């Protein structure tokens, strides 16, 4: 199955294999069991070149995985949470990928589980430079999650004072 092989190759960062699989007709928008696409997998794992080739070959920049959580869920073990590739790039601190996704049209305020935006995720996981790029691209600083938490609140809660100060004056 080419779609499964393409998901695996993007996840593994196997650039050549990605190109071959898609030339053999692998679906660029293939989904795993939970709606996760090759673009999600490459964005999360930091594979910039693969993100670029997937986008060039028609990958859906707005693809959302299926929803998962209804209560706070933040941990290192999160695999799917109603999220777009931009959520994953922001979560994992991949600046170059965040910029490429935004250039391709990603909603800077796409909502994942609990209503979390990419800015919530960047603030939660301490990625100051990504916070700044998101704000520059129109990220909603006042976005509240299901429980009323803004990215500022998450930054404060997880000890990211540098980010809290940036958000507070935005």
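Positions refer to the first chain, counted from 1.
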{"property": "Selected stretch [higher average CA B-factor]: 24-32 or 61-69", "result": "24-32"}
{"property": "Higher-B stretch (mean Cα B-factor, as the entry records it), 110-118 or 42-50", "result": "42-50"}
{"property": "Ranked C-alpha temperature factor of residue 127 among modelled chain residues, by third", "result": "lowest"}
{"property": "Record-listed C-alpha B factor of residue 97: chain third", "result": "middle"}
{"property": "Chain thirds of CA B-factor: placement of residue 136", "result": "highest"}
{"property": "Third of the chain's Cα B-factor distribution that residue 148 belongs to, per the entry", "result": "middle"}
